[PDB]
Amino acid sequence: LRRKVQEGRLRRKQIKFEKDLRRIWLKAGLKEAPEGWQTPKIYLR
Amino acid sequence: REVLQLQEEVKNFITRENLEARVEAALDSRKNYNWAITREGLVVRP
Amino acid sequence: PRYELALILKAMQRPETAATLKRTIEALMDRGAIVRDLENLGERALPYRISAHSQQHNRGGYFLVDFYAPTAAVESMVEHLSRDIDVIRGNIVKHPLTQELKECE
Amino acid sequence: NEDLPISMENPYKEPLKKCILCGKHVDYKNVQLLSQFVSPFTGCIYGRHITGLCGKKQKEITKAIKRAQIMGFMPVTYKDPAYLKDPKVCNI
Amino acid sequence: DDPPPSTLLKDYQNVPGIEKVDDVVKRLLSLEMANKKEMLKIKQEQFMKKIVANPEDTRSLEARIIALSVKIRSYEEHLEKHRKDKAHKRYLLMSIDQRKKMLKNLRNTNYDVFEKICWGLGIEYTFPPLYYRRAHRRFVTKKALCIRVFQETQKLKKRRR
RNA sequence: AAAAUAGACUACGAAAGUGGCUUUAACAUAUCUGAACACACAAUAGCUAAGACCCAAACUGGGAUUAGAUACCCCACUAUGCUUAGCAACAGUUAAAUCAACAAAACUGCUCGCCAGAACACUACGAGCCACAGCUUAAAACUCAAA
Ligand code: FES
Ligand SMILES: [Mg+2]
Ligand SMILES: [Mg+2]
Ligand SMILES: [Mg+2]
Ligand SMILES: [Mg+2]
């Protein structure tokens, strides 16, 4: 049962990281992400 | 002194000319590196 | 540097011993060596039985070859000694006279 | 006062004595000398408490004995009978 | 480049009459028939003559830097062949760090000699980092995005004006 | 494959460690302190590809045994053992009254790290690293008068 909790936490962590990254370029004025940018999945093998 | 000693010694070296003569002279000779020591530290030549 | 080759050769007749010595010294010179002297220590019974090139030996002729060679030659020369069939055992060492005789007191 | 003692190193001290082999060259080809420091019955190398040699000369003799044994100059399991009549320099 | 093998040993270069000897004696007294250490000594004196003001002074910082540079080159040459020699890897790294420290001291004390050493030995002096912190994945990705966003915003600002 | 004597030696190396012989390279640094986060090593067992397999042997089977047999004896054979390719420091003093106790005679100077009752807690959460087991950093609430 510790597993499913652990990957759930990893998913929420990835979502938080993506939200912070999005906040950056939204505050910078860019409507979308930088051209050719794709957020990598850094918390999953 | 070392350079002069080497220059003198190089005369009597085994070149490719005197190879056969020196080989035969060696085969017609024997040298001994064996000596003994006494309690008094004296070298007893065979 | 200066090296000494201790060569234990097969117990052979004089022409064969001379031919083997000539071949060894020629190999030494071919590998860049200046041979200084050749000395015969005599033919004697080996301290133990030595097997070489699928033959068993109990006697041998002992020779010393003093020479100067580049450091890269020694390894090469060793390999040559491994192939010669008339050499029971060939060993290259740094010449004993080069080591300094520090005088204890 | 001239009768006072003076600072000085111990003048009665006996200097450390030199060993039999100090000042002499040890050669691996000199099987006669190297045979004076091995057991006649087993060929084992005698220690410094038997040979009486210094540490440096003991090490040189050991190295020469091993070198001569493997270069085909000296027997390993026994002392060569040709050298059994040599002067005895070992306290055994 | 190494000295030619025909060069005479450092101890046999100023002896009088060394040019009047047989070719065999010249070979016997050349780098060809010596160990690598004599070649390293020849390299060292060549560097001293080419760089330092007084080639006889060996206690100076620049002379020590030259000696350590020759030694570092020898270790690198050794390690090209013995890839699994860990002790010599340690010696090489320690020597490089020590030479960096000596170069820093030389820079702080004598700038002209520092420049001459850096040119002569081909050493490119580098400054130390200011902050020592772990650059984990999140930080690296965030920094890359921030650089990209700055680039895009600069393009937008330039075009819009 | 690992190296009787030497070695009653105490040497080399940062440590781990290094004891057959020869040869070639070769053993950093002219002050000290000062990295979890950098780079090298180290020992620790276990996995991923292959290969070898005499012998041994976790597990898995079979044989024999009291009256829950022998857990223990016998046979056979796996993973594995093997071979590559990889993942307090430093510098001084013995002068003082030596000094809770036991350890290991006491102290000074200077610097770094760490500690402020017990348990909760080599824990939870967060973060980093990895990823079958996880490792590092590391709390709070309740409780007690002790530990
Ligand atoms: S007395 Fe000189 S080495 Fe022993
Ligand atoms: Mg320090
Ligand atoms: Mg410290
Ligand atoms: Mg934990
Ligand atoms: Mg928390």
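Keep in mind that the numbers below use all heavy atoms, side chains included, and drop hydrogens, waters and symmetry copies. Numbered from 1 within each chain, the chains take letters A, B, ... in sequence-line order.
The bases of F:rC82 and F:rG51 line up as a Watson-Crick or G-U pair, and both contact lengths stay under 3.5 Å. A Watson-Crick or G-U wobble pair does not link F:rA95 to F:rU18 when both relevant atom distances must lie under 3.5 Å. For F:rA127 with F:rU136, the Watson-Crick or G-U wobble criterion holds, each of the two distances under 3.5 Å. In this structure F:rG17 is not paired with F:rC135, as neither the Watson-Crick nor the G-U wobble definition is met at both distances under 3.5 Å.
Here, F:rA43 and F:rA16 have their P atoms 11 Å apart, quoted to the whole Å. Between the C1' atoms of F:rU60 and F:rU78, the separation comes to 8 Å (whole Å). F:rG113 and F:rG92: their P atoms are spaced 25 Å apart (whole Å). Comparing the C1' positions of F:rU44 and F:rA15 gives an interatomic distance of 16 Å, to the nearest angstrom. F:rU80 sits 13 Å from F:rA50 when the P atoms are compared, rounded to a whole Å.
In this structure, E:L40 reaches the sugar-phosphate backbone alone: every heavy-atom distance under 4.0 Å involves primed, P, OP1 or OP2 atoms, never a base. Looking at heavy-atom distances under 4.0 Å, A:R2 makes no contact with the nucleic acid at all. Contact annotation for A:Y43: base contact, defined as any heavy-atom pair under 4.0 Å involving a base atom. Using a 4.0 Å heavy-atom cutoff across all strands shown, E:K71 reaches sugar-phosphate atoms only and no base atom. Residue E:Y75 is classed as a sugar-phosphate contact, given heavy-atom separations below 4.0 Å to backbone atoms only. Within the nucleic acid shown, A:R9 comes within 4.0 Å of sugar-phosphate atoms alone, with no base atom in reach, counting heavy atoms only. Across all strands, D:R67 comes closer than 4.0 Å only to sugar-phosphate atoms, never to a base (heavy-atom distances). D:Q69 comes within contact range of no nucleotide atom at all, as no heavy-atom separation falls under 4.0 Å.
Taking a cutoff of 4.0 Å between a charged side-chain nitrogen and a carboxylate oxygen, C:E16 and C:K10 do not qualify as a salt bridge. In this structure, A:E18 does not pair ionically with A:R22, as no charged nitrogen and carboxylate oxygen lie closer than 4.0 Å.
The side chain of E:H136 lies closest to F:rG128 when the candidates are F:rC27, F:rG128, F:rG126. In this structure, of F:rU23, F:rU22, F:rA26, it is F:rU23 that holds the atom nearest to the side chain of C:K94. Comparing F:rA14, F:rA28, F:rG126 by their nearest atom to the side chain of E:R90 picks out F:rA14. Side-chain proximity of E:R137 to the nucleotides F:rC129, F:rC41, F:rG128 is greatest for F:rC129. Out of F:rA4, F:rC39, F:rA8, the shortest distance to the side chain of D:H49 is found at F:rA8. When distances run from any side-chain atom of A:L10 to the nucleotides F:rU5, F:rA131, F:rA30, the shortest one goes to F:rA131.
A donor-acceptor contact under 3.5 angstrom links the side chains of C:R23 and C:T20, judged on distance only.
The residue among E:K84 and E:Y132 whose nearest nucleotide of RNA chain F lies closer to the 5′ end is E:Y132. Position along RNA chain F of the nearest nucleotide to E:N105 versus A:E7 favours E:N105 as the more 5'-ward residue.
Distance, A:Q6 CD to F:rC132 P: 11 Å, rounded to whole Å. As a whole-Å value, the separation of A:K16 NZ from F:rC125 P is 15 Å. When the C1' atom of F:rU29 is taken as reference, atom CD1 of E:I72 falls 11 Å away, rounded to whole Å.
In textbook terms, a nucleotide whose glycosidic angle is within 90° of 0 is syn, while F:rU83, being further out, is anti.
C:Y62 carries C:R44 over the face of its six-membered ring, with the cationic atom under 6.0 Å from the centre and within 45° of the normal.
D:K57 has no side-chain polar atom (N or O) that falls below the 4.0 Å cut-off from OP1 or OP2 of F:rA6. The phosphate of F:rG7 has OP1 or OP2 within less than 4.0 Å of a side-chain N or O from D:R48.
A positive value of the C1'-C2'-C3'-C4' torsion places the sugar of F:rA36 in the northern pucker family.
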